[PDB]
Amino acid sequence: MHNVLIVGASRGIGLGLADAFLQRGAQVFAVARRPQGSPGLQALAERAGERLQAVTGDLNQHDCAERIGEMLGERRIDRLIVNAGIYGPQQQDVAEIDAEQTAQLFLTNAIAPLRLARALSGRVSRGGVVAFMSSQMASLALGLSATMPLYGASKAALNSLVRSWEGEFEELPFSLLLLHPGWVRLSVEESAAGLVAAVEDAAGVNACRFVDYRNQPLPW
Amino acid sequence: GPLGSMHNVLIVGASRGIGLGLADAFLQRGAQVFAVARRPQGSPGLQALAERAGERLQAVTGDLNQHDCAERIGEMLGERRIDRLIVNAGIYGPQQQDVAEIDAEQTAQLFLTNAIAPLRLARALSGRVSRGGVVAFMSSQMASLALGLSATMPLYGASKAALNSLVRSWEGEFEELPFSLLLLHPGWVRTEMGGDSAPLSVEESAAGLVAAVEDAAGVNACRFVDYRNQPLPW
Ligand SMILES: NC(=O)c1ccc[n+]([C@@H]2O[C@H](COP(=O)([O-])OP(=O)(O)OC[C@H]3O[C@@H](n4cnc5c(N)ncnc54)[C@H](OP(=O)(O)O)[C@@H]3O)[C@@H](O)[C@H]2O)c1
Ligand code: NA
């Protein structure tokens, strides 16, 4: 049984990933801010029993890694998926975004994901996979983020920070993935099944990849 | 140029370093330069340029982080159009460049100063930019995802990737660009940010950047280029 850690698993694609990994036979550790308040996560917990361990945790809390670690004990993480993401201000307007909103956006979407992944990295299996939920809107070459520029810039910043982390290693000890889930309203189930296949395709490769739910590369 | 032409060049962040070098280099080409600085009176470099160029160098008090910056620049310009708009001002972020230690206040400061405020300002002045002009943002090779050189200064690099992203998103609002949009890498330059090991003088960096800016005039394109006018990958 692989150990899979999904950070941000109460709903949407995060929950879908927990479900999809469970269906492959993994032991899943599913972190959410309010796990008890997610009927989706509760339903998965009931069905999988002990194979789905819900964990209360918040990416933005500085003790998050410590709490996850204490919970995991000596168990190694085969697949670490950080499914951080907020939209930022609904108007996506550079003229109006304030300091508090800027901090929240870039901490949640870019900085805290790296802080957490780095802090847990000593537990990640060699030849495993660390993946971050990114977006097509992160791509500079595609340049598709005009209607949500702040969101897209936060995901470009995430991609940048992951590339910077890669640059700290002589050779990668695990793969580093930046994931585009597709434009899910495309079901969560199809997206998650695809993303699981993309993640598993990178296991043992120790490569940096920016890929979508079909395992197709996106340009930077 | 001919036809009694004298380009109006606006440099945001011109008190020292590359920004001052750009003001000097544009003045040497014959431009009317509007040099925006937080404390223009406290810059010996800008005072020296003012003495040499007289009225062809107008110092303007202004701060990229202030929401009235565009208004102050506009009031100063009157009805004049901007032929070249260069946003140079930027910060390094925390000295340690460490994702584990940066706090909320520092994160806001970094991304506002290096990414969001440049777009806020440029957008607010964009109606004044000449058709066939150039709007350029000082970016960095550390912004490039393909080069993956950002490990040296990850936070700074991420803030410039965010800048690049926002400029591309702005481009994507136009059916046809009315001016060029440039992301500039100045090289590693001997300034307070670059340090004593930097291989380029301000003078050579600025001369190169002026040539790259002028090479984009009338093209109405997006480019990510260095001080030699060589393209960088995204
Ligand atoms: N030097 C390099 O090697 C290098 C490499 C790549 C990219 N860059 C970029 O090039 C730009 C200029 O770099 P530099 O090396 O010349 O830095 P610098 O010598 O330290 O000068 C920074 C300039 O930015 C101004 N500034 C900072 N924050 C400002 C704000 N809110 N509002 C208005 N002005 C502000 C400063 O004015 P004050 O005097 O008031 O502080 C100063 O004129 C920056 O965007 C930097 O990121 C530099
Ligand atoms: Na003000």
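Worth knowing before you read on, the calculation uses all heavy atoms, side chains too, and leaves out hydrogens, waters and symmetry mates. Reminder, nothing fancy here: chain letters follow the sequence lines and each chain counts from 1.
The 12-atom threshold is exceeded at CD of A:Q216, counting heavy atoms of other residues, nucleotides or ligands nearer than 6.0 Å. For B:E105, the CD atom counts as loosely surrounded, since its 6.0 Å shell holds 12 or fewer non-hydrogen atoms of other residues, nucleotides or ligands. Counting heavy-atom neighbours within 6.0 Å of B:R131 CZ, excluding the residue itself, gives a total above 12. In the displayed structure, B:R128 atom CZ is contacted under 6.0 Å by more than 12 heavy atoms of other residues, nucleotides or ligands.
Using a 4.5 Å cut-off between heavy atoms, B:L147 contacts chain A through its backbone alone, with no side-chain atom that close.
B:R168 approaches A:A141 most closely through the heavy-atom pair NH2-O, 2.9 Å.
The closest donor-acceptor contact from the side chain of A:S164 to the backbone of B:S150 lies under 3.5 Å.
Looking only at heavy-atom pairs under 4.5 Å with chain A, the residue among B:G172, B:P154, B:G148 that has the most is B:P154. Heavy-atom pairs under 4.5 Å with chain A peak, among B:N164, B:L166, B:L121, at B:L166. Ranking A:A157, A:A119, A:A153, A:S154 against chain B, the residue ahead of the rest is A:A153, based on heavy-atom pairs under 4.5 Å.
Within residues 76-102 of chain B, the residues having any heavy atom under 4.5 Å from a heavy atom of chain A are, by residue number, B:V99, B:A100, B:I102. Of all residues spanning residues 102-113 of chain A, those with a heavy atom less than 4.5 Å away from chain B's heavy atoms are A:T102, A:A103, A:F106, A:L107, A:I111, arranged by number.
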